[PDB]
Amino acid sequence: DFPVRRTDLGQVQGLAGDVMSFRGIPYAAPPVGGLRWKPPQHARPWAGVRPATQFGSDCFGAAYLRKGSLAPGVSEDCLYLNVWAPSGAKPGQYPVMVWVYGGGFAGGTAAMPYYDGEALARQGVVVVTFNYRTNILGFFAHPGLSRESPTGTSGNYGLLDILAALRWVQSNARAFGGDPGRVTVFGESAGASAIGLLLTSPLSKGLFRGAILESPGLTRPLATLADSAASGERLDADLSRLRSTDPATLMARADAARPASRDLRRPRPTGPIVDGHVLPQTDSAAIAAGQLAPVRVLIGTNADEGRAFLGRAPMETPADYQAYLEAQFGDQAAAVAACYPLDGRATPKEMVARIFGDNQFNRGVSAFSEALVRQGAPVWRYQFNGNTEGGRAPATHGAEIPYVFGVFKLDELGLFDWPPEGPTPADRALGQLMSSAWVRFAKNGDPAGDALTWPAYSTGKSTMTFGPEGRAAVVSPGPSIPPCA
């Protein structure tokens, strides 16, 4: 079987092998010129066989979030996807896993070596990765944009790109050996946050039967369309001039206005807003009202989510910790200190990491887990502690990605943690276990197997811990944020 496949827009040529690889397939018209800050449009068909051996351009974003990219460059023309599939896969044969990378809604790319879909696809799945608009080009509101809009709204173009990629998968999975009725969307960090927000979106209906959320940031403050559009008008009231501005120039201009320190009480500088169309309300209100798609969900966190966000401001003394508490929480500094005391159990760095991880990840994961149980969804939960046996620190943000994808190659942001010689045998064993469980979730809607007992979170808050020594074990009841938080 040759590495040529017919998409609904025409044929593409990928790379041959036991797993066929296709790269740089367009899934929407290039969102350039008049199509900047518009919903993604259907791409145009082509004749003959289009090359699909090289990744497409990355979307514009923070440079440090694409360090190590395998793509040839950066462009607004960036709505491209990549497909891995077992060679000789028949139409409708395999389930599909559609990856959503995280980059804080500020950057990132699918063309990372640790997002290569070969090891997953070899276990019997069709793996899809794709780029979506991000930063000011993917998340931006403006009164003129709302005026020109068919829905009268603006913003959230990156989420619309996620949805367009999922629609492409619906239309094209069979041609690449996949089953559109067995689609699992999975993502990490901001990607998992996007998946979680889309679980409250009426626009996601019928685009996936399963969702895996790895460290999503949910129940966080979100800007309203009114405030975001006012901000956009303050950037420039003339929408035409904004659209005639070079993308690197506008990206740099917006980046200069970003806060150097992260205020937990504020919305992300660029990210999803309550536009009323993609997200008719905050995810907290949707949770409360039961506006959740009760799809199959696998959700979880890592042991020490906050450690990766610490930064460089001094955090060594109780004075430093008190100053941080005052700066971030004002008159509630004493209450937060009571909930998170420096009593000798942890360092100031460890306590700031606890606070950050609870506020930005663990609380939202608990809330979504409980609401999914409440709505009758099939829901499983995990905590990835990692292999700490050799004195390794508990897993922080991003650490679990190589254990899911199976590509043990160090990242450029220093997040993946294993010895310079390479991963330990326990690391590879834990990776096999976890990746097989993910594949089982995609295949059967259930991460349990004949060697891994994993009851749903609805049963006694059961939570699978991927603990030390390459082993996994269920804990009931599972992780819980402090009640005072």
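Note that residue numbering follows the sequence shown and begins at 1.
Higher mean CA temperature factor, per the PDB entry, when comparing 288 to 296 with 177 to 185: 288 to 296. Taking only CA atoms, the mean B-factor in the PDB entry is higher for 467 to 475 than for the other of 467 to 475 and 19 to 27.
When the Cα B-factors of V83, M112, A334, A223 are read from the PDB record, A334 comes out highest.
Across the options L160, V125, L410, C78, the residue with the most elevated CA B-factor in the record is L410. The entry lists a Cα temperature factor for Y324 that places it in the highest third of the chain's modelled residues. Sorting the modelled residues of the chain by their CA temperature factor places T388 in the highest third.
Per the PDB record, residue ranking by Cα B-factor puts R354 in the middle third of the chain. In the PDB entry, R209 places in the middle third of its chain by CA B-factor.
Annotation for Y340: CA B-factor lies in the highest third of the chain's modelled residues.
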